[PDB]
Structure formats: C-alpha cells, structure tokens
Amino acid sequence: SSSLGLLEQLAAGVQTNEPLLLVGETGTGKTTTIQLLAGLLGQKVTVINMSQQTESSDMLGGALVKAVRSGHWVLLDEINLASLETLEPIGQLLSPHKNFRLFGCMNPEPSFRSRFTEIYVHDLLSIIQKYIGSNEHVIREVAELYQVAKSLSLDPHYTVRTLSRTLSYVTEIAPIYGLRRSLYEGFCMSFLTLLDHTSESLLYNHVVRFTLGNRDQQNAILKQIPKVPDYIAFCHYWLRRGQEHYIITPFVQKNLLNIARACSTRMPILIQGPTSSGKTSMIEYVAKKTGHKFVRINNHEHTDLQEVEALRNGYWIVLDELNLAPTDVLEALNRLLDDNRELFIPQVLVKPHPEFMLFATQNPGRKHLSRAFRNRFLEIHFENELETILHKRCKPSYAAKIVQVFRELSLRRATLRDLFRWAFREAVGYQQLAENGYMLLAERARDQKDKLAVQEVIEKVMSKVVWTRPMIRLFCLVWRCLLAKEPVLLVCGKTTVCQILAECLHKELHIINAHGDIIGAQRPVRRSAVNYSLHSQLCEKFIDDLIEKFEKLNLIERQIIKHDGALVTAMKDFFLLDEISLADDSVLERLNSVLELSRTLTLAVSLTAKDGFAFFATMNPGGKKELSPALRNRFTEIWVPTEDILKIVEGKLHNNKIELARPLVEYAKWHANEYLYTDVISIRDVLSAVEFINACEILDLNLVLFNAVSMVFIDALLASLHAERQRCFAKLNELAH
C-alpha cells in the first residue's frame, strides 16, 4: 500500500509535467521510479548518477540534452550530494519537448530544492518469498529469516536491504555446495561479518540451526563433503572455482582467512582495518591457492589514471589504500563499478573471468571514504595469543612478561609493531637487559617525564664538535637505531647529532628542508649539449646536414633527445628530511611505502633497494600538523630537551678567558626569568655570546662581558626598559648621518 501511494504520487506528478524528487534511506525510490516507469510504459530510465561527474558532463561538452531531444526519463539521482550544478536547474527552468520525465531522486540546496515538487518516501515474508522461492521446511525458514530481520532490532549497523543481497547470495550458493539451512547460515555469515558481538551470531545460527534440525547438527553443518562434491575446492564450507608460502596461520588468522574465502567465490569486496595486520597478507595467502596473483595497486595520495591488465588477464587486482584516493580515480573507479567487468578507455570493455576484485580502506579523519562506496560492495572488517605469536617470529619468561607488560601498559594508559621491534631488537639473554631494552624502546617516545616514570614503574613490576651529557642520550639512541636500521624520527641539537653520526659512520648526509617530489623523483628536461654533439660528429664518419648524411649512410639519438631524486640519490646514504611534519602527503605516502622493512621507487615503476638509506628525519614540536598515527608510529621517534651549561661554555670559550661566562651564565638566567619569563638557558643566545666573548680583541674582561651582554641580551630587550637596562646593568654589576 505504501508502494501504491508512492506510485500514485509519482503518477500525479507525471501527469502535470513538474519536477519531482524523493528523499529517503533505501536506494529504492529509484527502484520505485524504474518500476512505475516500465509499469506505465518505460520511456528510458536515463539514470544519471549525478554525484561524480560534477557539473558539465551532465549538461554539455550532454546526457540531459540527449534525453530532452530523445524522450528518456532523467532520473537525476543523489542530488543531495552534488556541487553547484545549477545549470541543471536552469534547464529545468527552461520548461522544446513532448513528454520528458525529470524524476530526480534525492536521499536525505536552497533554490534547486525549492523548485522541484518533492514527495518524500515513507512483509519481509513477501520479499523473502520473491527472493527465495525454492518446502514447508523452507516456510519455517521464511519464519526464521523473518526472525532475523526482526531481530535486526538487537542494537546502518546491519541496515535494511543488506538482507536483500544476503538472500541473493543465498540463492547463489544454494545448489552450489549448499543445504538451504546451510545457505541461510552463509547469508547470516555475511550479515554478521562486520559486527560487535557474536551473540547475534549465536542467535542467527540458533534460528538457522533450529530450521536445519544440535552440537552434532552444527558439526553436520561442517560436513563439507557433499558440499565439495560438485572448480578447485578449498577446505571446509568452501569449494571455490579453479602454491603455498612461509605464511604460517594461527587460529584467528585462519578464521578471518576462511571469512575472506567465503567471500571469495561469489562476485566487489572491500576489507578495512589496520594496515600492519596484513590485509593483503591474507589476500595473497588465499591467492596462493591459485585463484590468481595479488596485484596490489598501492595508490598513495595523488595516484592518477596512469597507474586493465587484471581486467584482461586474471591476476586479481586490489586497488589498495583507497581511503586516500586522489578524488577522481575514485570517481572513475566507481564508474567502473557500474558495469561488472567492462572498462572503456580510448577500447570498450574487458568482461573478465574470475580472479577477485578486492579493495582495502583503513581503520576509520584523513579523507573518509564514500558511504555510497561503502554500500556498493560486500564489505569486510578485521594476551596469550600474543604470547604464542611472538614465540616463533622472535626467538619462557622474558617473552611472556613482555606481553604481560603490554597488557600492563594498556591497563595504565603503544604500538605492538614496536613490541616486535622490542623483541627482535632485544639480543639480551638477560631479563634485566631485556627489561632495559623494552624500557628504552618504550622510553623512546616520551613526550613527558610523567608517563615515562609511569612506564618505568610498570616495567619495574616486571670531529669538529663538542661532547655533552644531555645530548649523549640522543646520540646513543640514534646510534643504536642506526645499527637496527629502523626508521628514526626526532621531535636543541638535532642536526648536530645527525652530522655527528655522519661524521662517525663516514657517510654523505644528504639533508633537505621542509616545503618535494624531487626528494623522491624528478622529471626535468634532459643542460650542456652544444659542442658535445659537434665533437661527436667530429668523431664520426663524414653540421646538421652532415649528421643527416651520416644517418643515411647513439650520439645522434642522444642529440635528438635534447628520474633522479633525493632518497634515490641516497639510495645511490642517509636522508635527513628535516621538519617532516610540514612535508608533503603523497611523498609521505611513498615514504610510508619506503618505511616498513623495504624500499620502493614508485616511478612504469620499480622498487628501490636499501644499503643504509636511513630516513633519519626530524620534526620539531608544537601549520604543525602531525602525520597519520601510523606514519608517526611507523618510525621510531625520539624526544629531547644547570651549571654544566656553564661548563659547556667553558669548553666553548677561549683559552684563559674564564669567569666571564660564569657571570654570563647567571646573567642569562636573570635575563631569562626577567625578560620572557621561563627557565630555559636559551643556548642560541649564550652561544653567540661565547662567540663574541672569545672574539673579544680588546682587554678589560668585565668590559668585554659588558659590551657582550649589551650586544646579545640587553639591547635586544617603554623608556623604563632603559631603566631596566640599568637593572640589567645591575645584574651585570652584580656579575662585576
């Protein structure tokens, strides 16, 4: 009756030659539209999904023009996510024609949406009958499926028409390795793929299991024998269409692997979550069973269309990292999700056989993906467990207590990738040494001494340069992380320690400044060429005409022809891309690809090696926008900062020339608390002061310090400051055209 009402409303609209929309939540006002279109006659459903091709491609260059000359139905869908394409409202305001149909379709504009006479949109056994068809057993199953869509109220979040696609897939794998009860369980499986608690899975198997016939019956659901009797089969509840690795599989891994496998016989599919957990690791572990090869198209941040071979052949592609899509290959890729496997690029289609068509967003606000895209594909999401897991990928109590300390840290407040770093790093053979190892690795990122002391207690529950104490506990950490060759950020002494290490480990520290592709790659014109070609013709048999005569009868081609980059030149070293927070994104994307235990040269591309190509970067604290918390966590960071400042100046000063700094130290202290009040020694100032003090070509030491602190601190600071200069001079005298 609701469909009767909407159809009558659309009839009343269509008789009047007006505009009409329908905002709702189902994506089936278009189904009602095409339904009533054909049920009246069906002119042509020109269903222009007007959310991707922004404003011209609808209008001109046009589909609406071809309609208004033709006589189709202009089903402008998704006008509630568009741009200012108000030329379409102008074309509405034009109304030559005979009978058009501009029956647009919103989905919940101050003048477009105020010019279209809208009509909002407002029994599962019936649609369950029309979907299922193929006993009174199945009538009890109709009651079961209705109980499932009724227990939808057990909380988007398992929304409405997910049951429709589930019934379609149950019809799909129905005779193809399925009991009807088993097929219902499979449909339920992909009703609770992305969920929170398996009590819904308990009740779903409970209703489906009851319809089937219990623990012996649930084991009889695991009888894959007549299922696989029918296409290279898989293990259990699994017989797909038609070798191994060192990819060893635990319990939960085998569970999610069987999940993705249960997806991978139907034909789109998306798989979101944490990147370090190996989504394509599982995808290629299943591709090891020769569905295809795992062509991981790793779109970083501005991957363009130059990045169909998997459409022609097999070699199952994965447009990975599509969260950070470059905003139009997402749109043309969704245009490739209109047809099944037809790709028009000028040249028409592919129509593939089955390999896969998987995809991988991330754990979801760095450019959140489309919910229309997140509702156009059969999506997916993914202590002593860790105690066992580390026992092989690393070399009884050292390992167990580290996992317990990870648990302890969670209770207190932290990436376990760094726990693997802690494991494989610790060459200890000693519980105290391993304690210090997990300590310092945890004491890497200490942005404050509070949490540092807290984690210390939690673990307790288990040359041209100048040496310095408070930077030795940065230089030692960078030396150790260099030996491990881990990625090393730094968040006061930064470039000093970097050049210190490049002094010690004799190397070529190619440095860089913030604000970029040529840090990674360059595409310049290919400078000095002129007399080189003249001598190359002078060293050839038998002038441009002379060169042409020689061609008629390498250097000649080189003349007619008239890649390099920073980490690449470092690949040819250590790349110290300082101020990394204000770096690029796509460069940071490929650097994330450069990061995890492997390098890559995403040029037609290749993969670079690494001989010690350290990204020994830096980024000072505080447009100081940090990176992704992965991209922070993918690098082993380090944080950094008395009378020894005076001792340091004593090293920094001239030969005798001593006690002026002992005045100048406290003079800087009183200047610090007085002017711009904070207890920081401000060692740029004291350094330049020691520079001029050791540059004192005059005598009378106190006058040298007088003119010095006049030059650096004092005169830098109303007219009362003049008075305060005297006060400053007081602290000086207290230290005394």
# chains A, B, ... in the order shown; residues from 1 in each chain; ligands from 1
call {"tool": "residues_around", "arguments": {"residues": "residue 131 (chain A)", "least_positions_apart": "3", "cutoff": "7 Å", "atoms": "only C-alpha atoms", "output": "ChimeraX atom specification"}}
result
/A:127-128,167-168
call {"tool": "write_last_selection", "arguments": {"atoms": "N, CA, C and O atoms", "output": "mmCIF file, in the first residue's frame"}}
result
data_model
loop_
_atom_site.group_PDB
_atom_site.id
_atom_site.type_symbol
_atom_site.label_atom_id
_atom_site.label_comp_id
_atom_site.auth_asym_id
_atom_site.auth_seq_id
_atom_site.Cartn_x
_atom_site.Cartn_y
_atom_site.Cartn_z
ATOM 1 N N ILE A 127 8.928 -10.335 0.368
ATOM 2 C CA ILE A 127 10.174 -10.196 -0.368
ATOM 3 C C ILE A 127 11.041 -11.421 -0.165
ATOM 4 O O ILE A 127 11.822 -11.790 -1.045
ATOM 5 N N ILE A 128 10.884 -12.100 0.966
ATOM 6 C CA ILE A 128 11.600 -13.343 1.194
ATOM 7 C C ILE A 128 11.057 -14.432 0.289
ATOM 8 O O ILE A 128 11.796 -15.312 -0.158
ATOM 9 N N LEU A 167 19.907 -12.559 0.676
ATOM 10 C CA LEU A 167 19.019 -13.538 0.066
ATOM 11 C C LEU A 167 19.455 -13.857 -1.354
ATOM 12 O O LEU A 167 19.326 -14.998 -1.810
ATOM 13 N N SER A 168 20.001 -12.863 -2.052
ATOM 14 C CA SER A 168 20.518 -13.102 -3.392
ATOM 15 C C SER A 168 21.699 -14.057 -3.362
ATOM 16 O O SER A 168 21.780 -14.983 -4.173
#
call {"tool": "residues_around", "arguments": {"residues": "region 711-716 of chain A", "least_positions_apart": "3", "cutoff": "7 Å", "atoms": "only C-alpha atoms", "output": "PyMOL selection string"}}
result
chain A and resi 685+689+707-708+725+728
call {"tool": "atom_distance", "arguments": {"atom1": "CA of residue 227 (chain A)", "atom2": "CA of residue 136 (chain A)"}}
result
22.8 Å
call {"tool": "atom_distance", "arguments": {"atom1": "CA of residue 519 (chain A)", "atom2": "CA of residue 630 (chain A)"}}
result
21.4 Å
call {"tool": "residues_around", "arguments": {"residues": "residue 492 (chain A)", "least_positions_apart": "3", "cutoff": "10 Å", "atoms": "only C-alpha atoms", "output": "PyMOL selection string"}}
result
chain A and resi 471+495-497+620+640-641+682-684
